[PDB]
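A.B. asks: structure_3.cif is reproduced in full below (mmCIF, C-alpha atoms and all ligand atoms).
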```cif
data_work
loop_
_atom_site.label_atom_id
_atom_site.label_comp_id
_atom_site.auth_asym_id
_atom_site.auth_seq_id
_atom_site.Cartn_x
_atom_site.Cartn_y
_atom_site.Cartn_z
CA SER A 22 33.74 57.52 -8.64
CA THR A 23 35.93 60.48 -7.47
CA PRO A 24 38.63 60.37 -4.67
CA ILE A 25 36.26 62.33 -2.33
CA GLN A 26 33.35 59.90 -3.06
CA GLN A 27 35.66 56.90 -2.34
CA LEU A 28 36.84 58.45 0.96
CA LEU A 29 33.30 59.38 2.10
CA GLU A 30 31.95 55.89 1.18
CA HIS A 31 34.79 54.39 3.33
CA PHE A 32 33.90 56.68 6.32
CA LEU A 33 30.17 55.85 5.89
CA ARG A 34 30.64 52.04 5.71
CA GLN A 35 32.68 52.12 8.97
CA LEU A 36 29.91 54.19 10.68
CA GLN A 37 27.08 51.95 9.34
CA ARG A 38 28.83 48.90 10.95
CA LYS A 39 27.95 50.46 14.37
CA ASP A 40 24.19 50.32 13.48
CA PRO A 41 23.47 46.58 12.69
CA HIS A 42 19.68 46.87 13.26
CA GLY A 43 19.46 49.71 10.71
CA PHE A 44 17.93 52.27 13.11
CA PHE A 45 19.83 55.06 11.26
CA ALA A 46 19.62 53.39 7.77
CA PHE A 47 16.54 55.36 6.54
CA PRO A 48 14.43 58.49 7.55
CA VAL A 49 12.46 58.29 10.84
CA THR A 50 8.69 58.57 10.12
CA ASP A 51 5.90 59.71 12.50
CA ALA A 52 4.41 56.15 12.20
CA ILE A 53 7.71 54.71 13.61
CA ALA A 54 8.23 57.60 16.11
CA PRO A 55 5.06 59.55 17.15
CA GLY A 56 5.44 63.34 16.86
CA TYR A 57 8.97 63.07 15.34
CA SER A 58 8.35 65.78 12.66
CA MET A 59 6.93 68.12 15.41
CA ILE A 60 10.38 68.02 17.19
CA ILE A 61 12.97 67.31 14.44
CA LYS A 62 12.97 70.01 11.71
CA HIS A 63 16.18 68.91 9.95
CA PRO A 64 16.08 65.07 9.62
CA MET A 65 19.15 63.04 8.55
CA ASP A 66 20.04 59.33 8.20
CA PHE A 67 22.79 57.12 6.66
CA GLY A 68 20.70 56.43 3.51
CA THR A 69 20.22 60.16 2.78
CA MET A 70 24.00 60.65 3.30
CA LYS A 71 24.71 57.64 0.98
CA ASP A 72 22.53 59.23 -1.80
CA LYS A 73 24.42 62.53 -1.31
CA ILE A 74 27.81 60.72 -1.80
CA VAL A 75 26.49 58.90 -4.96
CA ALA A 76 25.04 62.21 -6.36
CA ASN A 77 28.40 64.01 -5.56
CA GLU A 78 26.64 66.47 -3.16
CA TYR A 79 29.50 66.70 -0.63
CA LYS A 80 32.14 69.32 -1.46
CA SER A 81 34.11 68.60 1.76
CA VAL A 82 34.58 66.09 4.63
CA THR A 83 33.40 68.97 6.96
CA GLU A 84 29.95 68.99 5.18
CA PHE A 85 29.78 65.15 5.55
CA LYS A 86 30.73 65.41 9.31
CA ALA A 87 27.99 68.08 9.77
CA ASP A 88 25.25 65.75 8.34
CA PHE A 89 26.57 62.89 10.52
CA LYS A 90 26.52 65.09 13.68
CA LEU A 91 22.98 66.30 12.74
CA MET A 92 21.73 62.67 12.54
CA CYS A 93 23.18 61.89 16.05
CA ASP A 94 22.00 65.25 17.53
CA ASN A 95 18.42 64.54 16.24
CA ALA A 96 18.34 61.13 17.96
CA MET A 97 19.64 62.73 21.21
CA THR A 98 17.06 65.57 21.01
CA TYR A 99 14.00 63.35 20.29
CA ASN A 100 14.88 60.34 22.52
CA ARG A 101 15.50 60.42 26.31
CA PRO A 102 19.03 59.57 27.66
CA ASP A 103 18.04 56.09 29.00
CA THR A 104 16.88 54.90 25.52
CA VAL A 105 18.57 52.57 22.96
CA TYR A 106 18.44 55.34 20.27
CA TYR A 107 20.05 58.08 22.43
CA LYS A 108 22.81 55.69 23.70
CA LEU A 109 23.56 54.41 20.15
CA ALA A 110 23.60 58.00 18.71
CA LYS A 111 26.11 59.11 21.41
CA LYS A 112 28.28 55.99 20.69
CA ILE A 113 28.09 56.52 16.87
CA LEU A 114 28.92 60.29 17.29
CA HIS A 115 32.04 59.50 19.37
CA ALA A 116 33.20 56.82 16.84
CA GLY A 117 32.71 59.18 13.87
CA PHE A 118 34.52 62.17 15.39
CA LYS A 119 37.59 60.06 16.38
CA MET A 120 37.74 58.52 12.85
CA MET A 121 37.19 61.89 11.07
CA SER A 122 39.21 63.91 13.65
CA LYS A 123 41.33 66.97 12.69
CA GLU A 124 44.46 64.81 13.43
CA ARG A 125 43.30 61.97 11.09
CA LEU A 126 42.40 64.55 8.39
CA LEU A 127 45.72 66.47 8.80
CA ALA A 128 47.60 63.14 8.31
CA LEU A 129 45.47 62.59 5.13
CA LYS A 130 46.21 66.18 3.89
CA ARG A 131 49.98 65.61 4.48
CA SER A 132 49.90 62.26 2.56
CA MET A 133 48.31 64.07 -0.45
CA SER A 134 51.58 66.01 -1.06
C1 LIG B 1 12.16 49.83 15.94
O1 LIG B 1 12.84 49.87 14.68
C2 LIG B 1 13.09 51.07 14.07
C3 LIG B 1 13.52 52.18 14.81
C4 LIG B 1 13.80 53.40 14.18
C5 LIG B 1 14.21 54.60 14.98
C6 LIG B 1 15.39 55.24 14.68
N1 LIG B 1 15.81 56.36 15.34
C7 LIG B 1 17.06 56.98 14.89
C8 LIG B 1 15.08 56.94 16.33
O2 LIG B 1 15.46 57.96 16.89
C9 LIG B 1 13.82 56.30 16.76
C10 LIG B 1 13.04 56.79 17.82
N2 LIG B 1 11.91 56.19 18.17
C11 LIG B 1 11.47 55.10 17.54
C12 LIG B 1 12.17 54.54 16.50
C13 LIG B 1 13.38 55.13 16.08
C14 LIG B 1 13.67 53.50 12.77
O3 LIG B 1 13.93 54.67 12.12
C15 LIG B 1 14.45 54.63 10.79
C16 LIG B 1 13.24 52.38 12.05
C17 LIG B 1 12.98 51.18 12.68
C18 LIG B 1 12.56 50.00 11.83
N3 LIG B 1 13.61 48.97 11.82
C19 LIG B 1 13.13 47.75 11.15
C20 LIG B 1 14.85 49.45 11.18
#
```
Please express what this file holds, its structure, as structure tokens.
C.D. replies:
Amino acid sequence: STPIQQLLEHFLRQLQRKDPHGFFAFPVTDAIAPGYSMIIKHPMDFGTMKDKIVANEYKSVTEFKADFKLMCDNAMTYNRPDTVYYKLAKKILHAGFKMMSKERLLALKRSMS
């Protein structure tokens, strides 16, 4: 494991704690959510992100944050605001962007000196 892989695994584990039922653990299928593929053209989930960390597919934290935001944006686009999925995606998005904020990353950058 590389220092980037270790850091991204840490960020991912903390995010996955917010989804205990595993709604974001694997890709959403049309069987589980009718007409999902008709609406969502760029699917994303924690499991896909996990495989990208393991395969060393993330060159930056920015790229990781973009996949995370995409996963939350998809759930907020497909599901209506009064749903469990939309509410959880908005909660997860807020938790991820405070944890991986520019301030938290600048403090990390400074500690790498
Ligand atoms: C009802 O349980 C599930 C829900 C979803 C689910 C997720 N998201 C993100 C959605 O937007 C969504 C929207 N509509 C319907 C369902 C979902 C799921 O997708 C991987 C898997 C399960 C199966 N479960 C045993 C883990």
A.B. asks: Could you list the protein, DNA and RNA residues that have any atom within 7 Å of ligand LIG 1 (chain B), counting only C-alpha atoms and all ligand atoms, and write them as a list in words?
C.D. replies: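 With only C-alpha atoms and all ligand atoms and a cut-off of 7 Å, ligand LIG 1 (chain B) is contacted by residues 42, 43, 44, 45, 46, 47, 48, 49, 50, 53, 54, 96, 99, 100 and 106 of chain A.
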A.B. asks: Given the selection you just returned, output its residues as a file containing C-alpha atoms, formatted as a JSON list (two decimals), keeping the file's coordinate frame.
C.D. replies:
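The result, stored in part.json:
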```json
[["chain", "number", "residue", "atom", "x", "y", "z"],
["A", 42, "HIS", "CA", 19.68, 46.87, 13.26],
["A", 43, "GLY", "CA", 19.46, 49.71, 10.71],
["A", 44, "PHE", "CA", 17.93, 52.27, 13.11],
["A", 45, "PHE", "CA", 19.83, 55.06, 11.26],
["A", 46, "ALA", "CA", 19.62, 53.39, 7.77],
["A", 47, "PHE", "CA", 16.54, 55.36, 6.54],
["A", 48, "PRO", "CA", 14.43, 58.49, 7.55],
["A", 49, "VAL", "CA", 12.46, 58.29, 10.84],
["A", 50, "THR", "CA", 8.69, 58.57, 10.12],
["A", 53, "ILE", "CA", 7.71, 54.71, 13.61],
["A", 54, "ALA", "CA", 8.23, 57.60, 16.11],
["A", 96, "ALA", "CA", 18.34, 61.13, 17.96],
["A", 99, "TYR", "CA", 14.00, 63.35, 20.29],
["A", 100, "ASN", "CA", 14.88, 60.34, 22.52],
["A", 106, "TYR", "CA", 18.44, 55.34, 20.27]]
```
A.B. asks: Here is a test: counting all atoms listed in the file, which residue of A:128, A:88, A:94, A:113 is nearest to residue 41 in chain A?
C.D. replies: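 Residue with the minimum atom-to-atom distance to residue 41 in chain A: A:113.
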A.B. asks: Which value, in Å to one decimal, gives the distance between CA of residue 28 in chain A and CA of residue 69 in chain A?
C.D. replies: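 Value for the CA of residue 28 in chain A-CA of residue 69 in chain A distance: 16.8 Å.
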A.B. asks: Would you pick out the contacts of residue 108 in chain A at 12 Å or less, using all atoms listed in the file, so that residues sharing its chain but fewer than 6 positions from it are not included, and give the list as a list in words?
C.D. replies: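 The contact residues come out as residues 39, 40, 93, 94, 96, 97, 98, 100, 101, 102, 114 and 115 of chain A.
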A.B. asks: Please identify all polymer residues within 12 Å of residue 31 in chain A, counting all atoms listed in the file, omitting same-chain residues fewer than 4 positions from it, and present them as number ranges by chain.
C.D. replies: A: 24-27, 35-38, 71, 74, 82, 117, 120-121
A.B. asks: My list of candidates is A:116, A:133, A:126, A:33. Which is closest to residue 70 in chain A when distances are computed with only C-alpha atoms?
C.D. replies: A:33
A.B. asks: To one decimal place in Å, what is the distance between CA of residue 131 in chain A and CA of residue 81 in chain A?
C.D. replies: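 Result for CA of residue 131 in chain A versus CA of residue 81 in chain A: 16.4 Å, one decimal.
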A.B. asks: Could you work out how far CA of residue 85 in chain A lies from CA of residue 122 in chain A, giving the answer in Å with one decimal?
C.D. replies: 12.5 Å
A.B. asks: Listed atoms of range 95-104 of chain A, axis-aligned box, 8 Å per side: centre and edge lengths to one decimal in Å, as AutoDock Vina command-line options?
C.D. replies:
```
--center_x 16.8 --center_y 60.2 --center_z 22.6 --size_x 21.6 --size_y 26.7 --size_z 28.8
```
A.B. asks: Restricting the calculation to all atoms listed in the file: of A:132, A:104, A:22, A:95, which residue gets closest to residue 66 in chain A?
C.D. replies: A:95
A.B. asks: Would you mind telling me which residue in A:61, A:76, A:23, A:92 lies nearest to residue 107 in chain A when using all atoms listed in the file?
C.D. replies: A:92
A.B. asks: Give me range 34-47 of chain A with N, CA, C and O atoms filled in, as a PDB file, in the frame of the given file.
C.D. replies:
```pdb
ATOM      1  N   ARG A  34      30.701  53.484   5.485  1.00  0.00           N
ATOM      2  CA  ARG A  34      30.640  52.040   5.710  1.00  0.00           C
ATOM      3  C   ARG A  34      31.060  51.680   7.125  1.00  0.00           C
ATOM      4  O   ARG A  34      30.423  50.829   7.749  1.00  0.00           O
ATOM      5  N   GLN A  35      32.135  52.328   7.624  1.00  0.00           N
ATOM      6  CA  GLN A  35      32.680  52.120   8.970  1.00  0.00           C
ATOM      7  C   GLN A  35      31.664  52.565  10.032  1.00  0.00           C
ATOM      8  O   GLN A  35      31.533  51.902  11.063  1.00  0.00           O
ATOM      9  N   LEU A  36      30.939  53.670   9.768  1.00  0.00           N
ATOM     10  CA  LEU A  36      29.910  54.190  10.680  1.00  0.00           C
ATOM     11  C   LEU A  36      28.683  53.304  10.699  1.00  0.00           C
ATOM     12  O   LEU A  36      28.150  53.037  11.779  1.00  0.00           O
ATOM     13  N   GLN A  37      28.245  52.826   9.507  1.00  0.00           N
ATOM     14  CA  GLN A  37      27.080  51.950   9.340  1.00  0.00           C
ATOM     15  C   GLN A  37      27.241  50.600  10.032  1.00  0.00           C
ATOM     16  O   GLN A  37      26.232  49.995  10.401  1.00  0.00           O
ATOM     17  N   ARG A  38      28.506  50.151  10.248  1.00  0.00           N
ATOM     18  CA  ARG A  38      28.830  48.900  10.950  1.00  0.00           C
ATOM     19  C   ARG A  38      28.373  48.981  12.412  1.00  0.00           C
ATOM     20  O   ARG A  38      28.001  47.960  12.991  1.00  0.00           O
ATOM     21  N   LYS A  39      28.375  50.201  12.990  1.00  0.00           N
ATOM     22  CA  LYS A  39      27.950  50.460  14.370  1.00  0.00           C
ATOM     23  C   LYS A  39      26.414  50.438  14.543  1.00  0.00           C
ATOM     24  O   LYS A  39      25.934  50.446  15.675  1.00  0.00           O
ATOM     25  N   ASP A  40      25.651  50.374  13.438  1.00  0.00           N
ATOM     26  CA  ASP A  40      24.190  50.320  13.480  1.00  0.00           C
ATOM     27  C   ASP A  40      23.699  49.028  12.771  1.00  0.00           C
ATOM     28  O   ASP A  40      23.195  49.109  11.649  1.00  0.00           O
ATOM     29  N   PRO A  41      23.871  47.821  13.388  1.00  0.00           N
ATOM     30  CA  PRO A  41      23.470  46.580  12.690  1.00  0.00           C
ATOM     31  C   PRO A  41      21.968  46.383  12.491  1.00  0.00           C
ATOM     32  O   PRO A  41      21.577  45.683  11.556  1.00  0.00           O
ATOM     33  N   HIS A  42      21.134  46.991  13.354  1.00  0.00           N
ATOM     34  CA  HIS A  42      19.680  46.870  13.260  1.00  0.00           C
ATOM     35  C   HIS A  42      19.051  47.846  12.254  1.00  0.00           C
ATOM     36  O   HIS A  42      17.849  47.763  11.984  1.00  0.00           O
ATOM     37  N   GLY A  43      19.872  48.739  11.705  1.00  0.00           N
ATOM     38  CA  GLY A  43      19.460  49.710  10.710  1.00  0.00           C
ATOM     39  C   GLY A  43      18.539  50.798  11.220  1.00  0.00           C
ATOM     40  O   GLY A  43      17.689  51.290  10.471  1.00  0.00           O
ATOM     41  N   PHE A  44      18.718  51.200  12.497  1.00  0.00           N
ATOM     42  CA  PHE A  44      17.930  52.270  13.110  1.00  0.00           C
ATOM     43  C   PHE A  44      18.191  53.613  12.445  1.00  0.00           C
ATOM     44  O   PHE A  44      17.292  54.438  12.382  1.00  0.00           O
ATOM     45  N   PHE A  45      19.411  53.817  11.923  1.00  0.00           N
ATOM     46  CA  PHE A  45      19.830  55.060  11.260  1.00  0.00           C
ATOM     47  C   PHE A  45      19.953  54.888   9.740  1.00  0.00           C
ATOM     48  O   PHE A  45      20.401  55.810   9.063  1.00  0.00           O
ATOM     49  N   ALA A  46      19.535  53.716   9.205  1.00  0.00           N
ATOM     50  CA  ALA A  46      19.620  53.390   7.770  1.00  0.00           C
ATOM     51  C   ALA A  46      18.709  54.209   6.851  1.00  0.00           C
ATOM     52  O   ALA A  46      19.080  54.449   5.701  1.00  0.00           O
ATOM     53  N   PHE A  47      17.519  54.611   7.334  1.00  0.00           N
ATOM     54  CA  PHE A  47      16.540  55.360   6.540  1.00  0.00           C
ATOM     55  C   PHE A  47      15.815  56.459   7.372  1.00  0.00           C
ATOM     56  O   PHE A  47      15.972  56.457   8.598  1.00  0.00           O
TER      57      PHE A  47
END
```
